[PDB]
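Asks: model the structure of this input:
(chains A and B)
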Amino acid sequence: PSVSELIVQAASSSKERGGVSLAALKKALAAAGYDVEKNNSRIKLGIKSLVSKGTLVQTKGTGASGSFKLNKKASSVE
DNA sequence: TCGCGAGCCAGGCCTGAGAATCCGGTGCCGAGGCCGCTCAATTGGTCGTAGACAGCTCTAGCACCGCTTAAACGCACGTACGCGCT
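Replies: Numbers count the residues shown, from 1 in each chain, chains lettered A, B, ... in the order given. The relevant structure is shown in the block below.
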């Protein structure tokens, strides 16, 4: 499972009203068997790529350190 | 979700450059020794008194008891602040 796929799965899995933060996504990936320490840069890059592609809409914070949600709209505007 | 192309990061390899450090020799001036003296440390004596010892008086420091209740305590719960990470 690619980093972005696990990120999307965890984000759709969590039911936070305000979104899933960097710490929350790290905890989810760590619970998913992912090394959150050795691959931190990759997690951040995947998050940024998902934000840029419009897959994840950032709700709080700026950059990688904020919180993000699934965009249920861009999934059908391909 | 897989095949596969190619690029990015982790770490090892290896060397260069710069600096620390050991090795050698020269010289140079301050440490150690010696001589002269002189003054201060020693000895002996006297003498007066500072304090060591013995004794008594009597304060207060210790030990004990009981009653009261102020406070220490253990528990449970909540949150806000320290810590980690970016």
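
Asks: tell me which residue of chain A lies closest to DNA strand B.
Replies: Per CB to the nearest atom of the strand, the residue of chain A with the smallest distance to DNA strand B is residue A:40, at 4.1 Å. No exception for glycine: its C-beta is placed from N, CA and C like everyone else's.

Asks: how many neighbours does residue A:2 have?
Replies: 9 (other CB atoms under 10 Å).

Asks: quick one: end-to-end length of stretch A:10-29, please.
Replies: Between the opening and closing residues of stretch A:10-29 there is a gap of 8 Å (CA to CA, to the nearest Å).

Asks: list the buried residues for that stretch?
Replies: If you call a residue buried by 16 or more other CB atoms under 10 Å, then stretch A:10-29 has these buried ones: A:10-11, A:14, A:19-22, A:24-26, A:28-29.

Asks: near DNA strand B, which residues of chain A show up?
Replies: Contact residues (CB under 7 Å from any atom of the strand) of chain A with DNA strand B: A:1, A:5, A:22-23, A:40-41, A:44, A:64-65.

Asks: which ones among the residues you listed lie within helices?
Replies: Using DSSP state H to define helices, the subset of the residues of chain A next to DNA strand B located there is A:5, A:22-23, A:40-41, A:44.

Asks: residue A:58 belongs to a strand, doesn't it?
Replies: Yes - assignment of residue A:58 by DSSP: H, G, I helix; E, B strand; the rest coil places it within a strand.

Asks: wait, isn't it in contact with residue A:51?
Replies: Yes - applying CB atoms under 8 Å as the test, residue A:58 and residue A:51 come out as touching, 5.6 Å apart.

Asks: identify the contacts common to the two.
Replies: residue A:68 (CB atoms under 8 Å, 6 or more residues apart in numbering).

Asks: related to what we said a few turns ago, report the two of the buried residues of stretch A:10-29 separated the most.
Replies: Of all pairs drawn from those, the widest gap by CB to CB lies between A:19 and A:29 and measures 15.8 Å.
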